[PDB]
Amino acid sequence: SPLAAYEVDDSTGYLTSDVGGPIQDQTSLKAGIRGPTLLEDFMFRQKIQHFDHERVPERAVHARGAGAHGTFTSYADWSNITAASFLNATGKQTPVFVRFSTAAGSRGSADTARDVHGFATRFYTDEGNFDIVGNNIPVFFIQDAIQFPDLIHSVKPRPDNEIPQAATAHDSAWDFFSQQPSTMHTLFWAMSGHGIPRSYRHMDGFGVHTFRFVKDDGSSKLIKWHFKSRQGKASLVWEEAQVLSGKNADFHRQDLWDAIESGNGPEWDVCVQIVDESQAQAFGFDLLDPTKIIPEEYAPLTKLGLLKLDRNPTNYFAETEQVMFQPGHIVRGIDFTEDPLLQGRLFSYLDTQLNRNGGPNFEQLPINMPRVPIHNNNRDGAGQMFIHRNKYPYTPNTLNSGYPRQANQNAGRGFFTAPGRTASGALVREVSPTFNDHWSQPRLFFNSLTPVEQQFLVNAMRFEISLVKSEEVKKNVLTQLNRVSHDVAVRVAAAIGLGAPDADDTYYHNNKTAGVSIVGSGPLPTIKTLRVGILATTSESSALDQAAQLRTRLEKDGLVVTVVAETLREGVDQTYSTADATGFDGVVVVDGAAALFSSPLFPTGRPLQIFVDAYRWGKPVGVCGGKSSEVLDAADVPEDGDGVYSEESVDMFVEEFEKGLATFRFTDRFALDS
Amino acid sequence: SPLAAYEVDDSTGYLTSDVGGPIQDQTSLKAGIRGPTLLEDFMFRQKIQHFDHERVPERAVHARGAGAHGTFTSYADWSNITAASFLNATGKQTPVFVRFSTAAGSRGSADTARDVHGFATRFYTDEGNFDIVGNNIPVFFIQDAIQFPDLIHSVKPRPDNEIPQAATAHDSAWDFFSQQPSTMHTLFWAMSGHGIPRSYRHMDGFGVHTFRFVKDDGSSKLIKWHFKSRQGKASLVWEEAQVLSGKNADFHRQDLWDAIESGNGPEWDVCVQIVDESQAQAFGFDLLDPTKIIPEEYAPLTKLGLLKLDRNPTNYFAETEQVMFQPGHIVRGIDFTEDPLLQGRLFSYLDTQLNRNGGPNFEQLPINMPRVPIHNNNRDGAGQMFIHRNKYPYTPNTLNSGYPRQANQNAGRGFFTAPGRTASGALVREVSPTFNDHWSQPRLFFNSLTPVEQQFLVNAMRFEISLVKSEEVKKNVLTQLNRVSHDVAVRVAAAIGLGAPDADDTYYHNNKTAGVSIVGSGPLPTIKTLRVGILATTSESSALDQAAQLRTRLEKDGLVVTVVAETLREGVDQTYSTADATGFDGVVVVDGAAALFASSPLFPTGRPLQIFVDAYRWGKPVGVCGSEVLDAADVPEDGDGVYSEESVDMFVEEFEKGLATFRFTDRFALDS
Amino acid sequence: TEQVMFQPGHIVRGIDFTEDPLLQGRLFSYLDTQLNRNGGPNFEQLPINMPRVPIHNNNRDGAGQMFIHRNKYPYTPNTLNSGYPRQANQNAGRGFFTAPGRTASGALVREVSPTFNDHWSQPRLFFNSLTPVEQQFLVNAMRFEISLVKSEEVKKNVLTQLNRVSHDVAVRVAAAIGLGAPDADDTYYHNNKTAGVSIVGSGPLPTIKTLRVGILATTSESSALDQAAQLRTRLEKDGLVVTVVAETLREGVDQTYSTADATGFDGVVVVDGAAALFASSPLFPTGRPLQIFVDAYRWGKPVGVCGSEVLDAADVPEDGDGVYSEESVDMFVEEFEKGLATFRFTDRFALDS
Ligand code: HDD
Ligand code: HDD
Ligand SMILES: [Ca+2]
Ligand SMILES: [Ca+2]
């Protein structure tokens, strides 16, 4: 355990104050048995003061989130492309901590809000902490860090009433999007299934920005980070995400926790696209522009190593809440580029920790500490935990023999700015005209989605735009969408009873790019951890027998089985009253239970509703035992439908059903615009 | 008042720094058009620093909530029972600010979580700010403030993984409840419809503690505060609340904002039960015990005045997020009691504002300022907004001519402790044996609910307890429930696959008390603000006509009407895609839309029918204006709260009565 | 040093508070004020504030949380962590307990006990217990401070109070500020004394180790530096801190006249080979060597010459108590060391009539 040294055990012993005096904490000291409480009660005041000051400010963005520890392992010695120590040998291992998050919502908002998602990774390297502060979407809304508060104010709740929570579905957000067309690319990503991932484990991570890899000889190359999930890509459908938000606000954090606890820690290949400095404007856009991806067709991925998360935190506040990432945590071998979005982030993440931590010594929190010695002349500040021996903390000095020594390209493995970097020209507050095409790449993205995937996106837009009250804003939205795709503008316009403006083909094209579609990404490469709900009954001892046999067979392949019945007993995990289709990736009814499909024990129609919801949301569904038509007919589920199963044999049922879990969603169950 | 002076108007003008220098804020200053950002870009740094520091710590409890401004009006000169100046004349008006809230969830959690709810009121009186920091439930979980962090740690999410959000449905909470039986009374309230109110306007407010009214002659009486809703009592059903938590986390704050904007600001009668000091132990329990109510049968309510909320905040953060209530905000004519829960609160609320505000001058925030001058020798501290002219801020002084003067019972209308209060005995960390009955009052409360209401409470317990992993915790919970009621313990245990322990009759009894039932409180006294969803279609011009006709008729009665159809157009407010039954108090299908109730790319499969079916299942009044539909929905034509007409005027008379009835509880199954 | 955060609330079993209303309120203040200094609630985790025994409690979170707590059920009463941490009290776990004999009774009052009302008799007790020159120093401190008070009204109010302690004090202080003392008011006068409160009457110092001796010398005489060095050897062996002062630094010289002052020494010795300096240089301000000797004398310190027209130049009587003049190194050291123990020669200070 990485932070063992800082752990506090309270599995034995007597209660003490923070200064080690044994005390009690259950009754206040009073003047008489029915008397007033005394000011001299220090036991009361120390305990309540602590409680009164437990909270710290939530993160200004990405407030809602969850973390875990793991390991990164290098696949090679990468000295040919970078000086980075953590990448300098085959099999070299570095501890990591990753936090995943939504972006807009406060603490306590729902995991399954439609949003961009954070994917922030710390590498505790032998040459310092290196953070990659990424998202699950490869492009960002805006092209200059200075616009960040405008973006965030617009998508956060309206500031008179603080409504709506964790949602872009309101006037101000769509007003900003329509007035600031740079937003289109990330908007199209967020309106796709990427806005509602099935789990943190089923999404990728992106650094977003172009960075540099820098070799010990000072030469550099431009890179993009892509963490490719070994679990596959998967999304919720919108209606499902909505119900989930209410039934289980903690869905993603629970999923991550459970996967780690079961020995199924999630994995990513940590990859880069690498290109030459000379290619900054070779691909049809500017590599300094964070609203653009490099299509995989122009630059393939190099797999650098393996990321695995395999240990849950011990105390969430101490580790997950207090972790303070910074793109300023950089190491020798890596450098920045002149992406004006990146440039401004460097400032913000150092400054914002003062707010969260309330003092300048936030790097001393166990979770933020490096795993190597610290030698500098930083001193004092509130919460100072070190006792510095060096009483001459200035450079240059002779009284401490010139120590600490300066580190740079030539001595002490110092960080150094890529020495080939230059600047030229007037000092300006001007936008590069190379940043000006806001629409071709959103269109490239939309073109790369399958037909049913494009429908889902259009439906997300119809959902949100329909909730915009201002007809002017709605009209301005259609103006921007129409620049990406006339068809999209027409189909969205239809839901809101406006007309799309006439086609404007300046940025239309039919090009496609690999690796961005969820629905087209193939069956999941593993079904371990997926959830199967077996709907059963206590009326029939045969229903519970089938359920037990099924459980045994599914659990063997690492599926997480929940048997549902009217009441709990041995072998039944959940009651119908607490069960919901959003709790499962697949739903099986045992034919012993056919009769269920009114009780004081659950709402009217609940068992059927679970099956029907599962079907409507595209999940694999079936009946096990041999008698199926009663259940399937009651549900209106066709017996020959794709992803609908019926077998007497447990072994045979499970083999078919398991293919359906891998396929994950049966998209033919969703209507398309004609 | 101190608020208008601090309002900032940005509807015209050029962008400036915080020091008034005109600037831009859209592009960073760079060394060349594709170059690095410059450190000398002060426009960038001031803007991003402000953004970086926007957040403040959320409240330690009641982090999720919403506020409004209003007025309190006194009904009489109450000098006969209290010296309090805000109650000293018929018609005397005092501005107020109220914040409502849940209790356990963090600031972005759903309004409709099952919880105790806060109801905190500030009266900006002419003798200082007076706060009554209350809840929608009259009793609290614990009997000593020192246990507050134990309660809160147990109910809040498990601290290794921070799961679950805004919910008592987990092991630790039920472990605490079953180990600390004082919790039983508040537990039964929170497991009732009181844990899931229909709105902030449809719940009452309670001070919880016994306080004193003190007269200018020094005599005192014991009081309980009860804010009685003029809107009536109403709850959601649990399944509804769960769906609402996902479809509209902002449901209660939205409901409050909308009511105020439409000129339907909610009202309460501010009442007290008043009893003599001699009655502290006269009613069969201790009035110092915050887990106990005084039954209305023993002490009727006196109406003191009218509380109305009628103006929304201008900036949520500055007013609602920053309001810092304290029970230590007391005025002459009120005093504390030796309730060990109240006692410790007085410490906590002063201290915790240091955490939220980051400095000691939090009473200077406009929302926290009083409406009368301030004279004291408090000085300096971070964020000091005053420039004090008195250069001799110590007492006693001659250099400032002995000012400010000390105020007390005799001089300057000072606050004074009720002079009859005494203390006697050993200095002890002991619980009074008078506090020891943890079970009789929860039973009193349970007995006072209707059968269906009792069933909802059993079902809420079945739901939560079935989620507790630990078999030993579940057994311990049954032990405690059994001491309140054997029948509750039997019926709860049936769902969780355990046997209830044998009846222990020590605290059983069959007494009832008035005014605690929601289902029993009769029809709503008003239907203004209630929501009607009219389900229509763009496919038939008739359907849209019917909807428009119903709309004009319902709207005249102060009902909020939403016409729902496949796509938006003139006449249509919402699409089926965004519509849910949780958005309505009543649902009407116009028969021209019959066809929708048997696929489209414009909405999920079965959505129109599901809205009607959910609405019915949740006990709402439902109707068809103009057989196909009710049959599709499995809704019996003869059922109460089911309306079938052709005549719009008649439909309206009948449906409006159903909205007052509010819920049709006969649609919910009972235990055998 | 800067971060240590003391509290009278840091108490242990076997000690308890009393109902002293000054102590009572301090208990509140020291806990609260650490929030201001530390900027967060985890100030007891600063290394200087940490205890030297394990900590077991349910305090959690807060800005600057440096622990990682393993108990995931931090509430009492619990079964999920087996009831740990356990309550400590008089009969379990060596808990702190309030003295069980303590009681309270009566009205809840904002009243001062009448037993507190005598504000003047103990001030008089203290004053009575000081030696005559000690009483003079105190009168002179008050003369100094009160003479700086602008308000005539405050000065008169001050004399009123001083007079309730001692009419003589009020008379002598009044003399310096040009007002008349009010008439004697003997309510609280008495002649009683108490042991252990006087500094001057507390006897010679029990040790002279650490005390500072300034040896004023010259670079112009090799004899002067020789004498200095010889004294140094002797004095240093007795634990005294010796500083040889001359016009410029060099081997054996610690401090120039320019940076030297009498406040830097408990005793001052002139090596007679340096008599010339005591009679202008760009190396120190005019008359510096003499001024040091003169200040040391006027402030009551043991002063000496080792090798006596210096004493004339300094107007110091050869026969005065705590004035030394010997050519014998050993004899001088011996006598001068007795002077350092005596510490101050109080006969050098003028007294009121
Ligand atoms: C100049 C302001 C600014 C800009 C332009 C961005 N961010 Fe940021 N980000 C912040 C300012 C910020 C912040 C206010 O500084 C936060 C809040 C808490 C923190 O540590 O930094 C933050 C938090 C934060 C987190 C949560 C980290 C955690 O889990 O603790 C993630 C994943 C990101 N951001 C990712 C991004 C990505 C992928 C961006 C576009 C490429 C981006 N941010 C642009
Ligand atoms: C000793 C600790 C303690 C105890 C025993 C209680 N509370 Fe409390 N309460 C707090 C400590 C606290 C607090 C930590 O001090 C809060 C958090 C933010 C604040 O201003 O005070 C608070 C917040 C708070 C709020 C939110 C006020 C707002 O909207 O800003 C309400 C309505 C209540 N409480 C009501 C109660 C009631 C009805 C209680 C039982 C009779 C109660 N509290 C017991
Ligand atoms: Ca808005
Ligand atoms: Ca738990």
Side-chain angles (χ1 to χ4, degrees), chain A residues 27-29 31-37 44 48 51-53 55-57 60 105-109 144 146 149 161-165 239 242 245-246 249-250 257 316 338 340 343 348 351-352 355 423-425 429-430 432 463 466 495-497 567-569 575 577 598 600 603-604 616 671 673, chain B residues 27-29 31-37 44 48 51-53 55 57-58 105-109 144 146 149 161-165 239 242-243 245-246 249-250 257 316 338 340 343 348 351-352 355 423-425 429-430 432 463 466 495-497 567-569 575 577 599 601 604-605 617 669 671:
Chain A
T27 309
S28 300
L29 180 65
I33 198 166
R34 299 177 71 255
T37 295
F44 170 88
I48 297 311
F51 174 83
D52 293 342
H53 291 259
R55 310 290 173 262
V56 303
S106 271
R107 289 178 68 237
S109 67
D144 185 321
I146 207 174
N161 57 22
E162 200 187 49
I163 300 173
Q165 181 62 209
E239 187 190 24
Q242 287 211 290
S245 305
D250 305 297
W257 196 270
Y316 181 102
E338 295 82 359
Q343 291 276 311
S348 175
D351 169 50
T352 203
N355 168 87
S424 206
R429 295 175 161 93
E430 291 162 16
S432 170
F463 187 94
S466 78
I496 64 175
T567 59
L568 305 181
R569 52 180 66 181
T575 65
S577 175
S598 191
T604 298
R616 184 176 71 265
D673 288 331
Chain B
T27 311
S28 296
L29 176 66
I33 197 158
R34 290 176 76 254
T37 298
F44 172 89
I48 298 307
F51 179 78
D52 294 338
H53 290 258
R55 310 287 175 262
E58 77 182 16
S106 284
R107 67 180 329 269
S109 65
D144 192 317
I146 204 170
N161 58 18
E162 200 190 53
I163 299 168
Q165 186 61 209
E239 191 192 11
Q242 285 197 292
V243 176
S245 295
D250 307 299
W257 198 266
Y316 182 100
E338 298 79 359
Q343 287 279 308
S348 171
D351 168 54
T352 206
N355 171 81
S424 185
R429 288 176 168 92
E430 285 166 13
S432 177
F463 184 96
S466 78
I496 65 191
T567 57
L568 301 180
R569 52 152 290 160
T575 68
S577 187
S599 181
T605 312
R617 182 174 68 248
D671 290 318

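First the proteins, then the strands, lettered A, B, ... as listed; each starts at 1. Reckoned from all heavy atoms, side chains included, excluding hydrogens, waters and symmetry mates.
Side chain of B/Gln343 to main chain of A/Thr37: a donor-acceptor pair is present (N/O by atom type, distance under 3.5 Å, no hydrogens or angles). Proximity of a side-chain donor or acceptor of B/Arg55 to a complementary backbone N or O of A/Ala60 within less than 3.5 Å is detected. Side-chain N or O atoms of A/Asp144 include one that pairs as donor or acceptor with a backbone N or O of B/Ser28 at under 3.5 Å. Between the side chain of B/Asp250 and the main chain of A/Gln165, a donor-acceptor pair closer than 3.5 Å is present.
When heavy atoms are compared at a cutoff of 4.5 Å, B/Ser432 approaches chain A by way of both its backbone and its side chain. Looking at B/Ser599, the atoms closer than 4.5 Å to chain A (heavy atoms on both sides) all sit in the side chain, from C-beta outward. With a threshold of 4.5 angstrom between heavy atoms, B/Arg617 approaches chain A through side-chain atoms but not through N, CA, C or O.
In terms of heavy-atom proximity, A/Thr575 sits nearest to B/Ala495 at CG2-O, 3.8 Å. When all heavy atoms are compared, the tightest approach of A/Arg429 to B/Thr27 is C-CG2, 3.5 Å. Of all heavy-atom pairs spanning B/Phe51 and A/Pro149, the tightest one is CB-CG, 3.7 Å.
Within the model, atoms OG1 of B/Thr605 and CD of A/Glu239 stand 8.5 Å from one another, a figure rounded to the nearest 0.5 Å. Within the model, atoms CG of A/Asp52 and CG of B/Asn355 stand 8.0 Å from one another, a figure rounded to the nearest 0.5 Å. Atoms OH and CD1, from A/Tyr316 and B/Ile163 in turn, are 9.0 Å apart once rounded to the nearest 0.5 Å. In this structure, CH2 on A/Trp257 lies 4.5 Å from CG on B/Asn161, to the nearest 0.5 angstrom. Going from atom CD1 of B/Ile496 over to atom CG of A/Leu568 covers 7.5 Å, rounded to the nearest 0.5 Å. In this structure, OG in A/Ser106 is found 8.0 Å from CD in B/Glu58, a value given to the nearest 0.5 Å.
A salt bridge is absent between A/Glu430 and B/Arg34; no separation between the charged side-chain nitrogens and carboxylate oxygens falls under 4.0 Å.
Between chain B and the residues A/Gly497, A/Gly246, A/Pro57, A/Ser424, the most heavy-atom pairs under 4.5 angstrom are made by A/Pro57. By number of non-hydrogen pairs under 4.5 angstrom with chain B, the leading residue of A/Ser466, A/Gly105, A/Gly425, A/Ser598 is A/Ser466. Comparing A/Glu338, A/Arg107, A/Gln242 by how many heavy-atom pairs each has under 4.5 Å with chain B, the most go to A/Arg107. In terms of heavy-atom pairs under 4.5 Å with chain B, the best-connected choice from A/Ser348, A/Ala249, A/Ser109 is A/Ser348. Among B/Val243, B/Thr352, B/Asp671, the residue with the largest count of heavy-atom pairs under 4.5 Å with chain A is B/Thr352.
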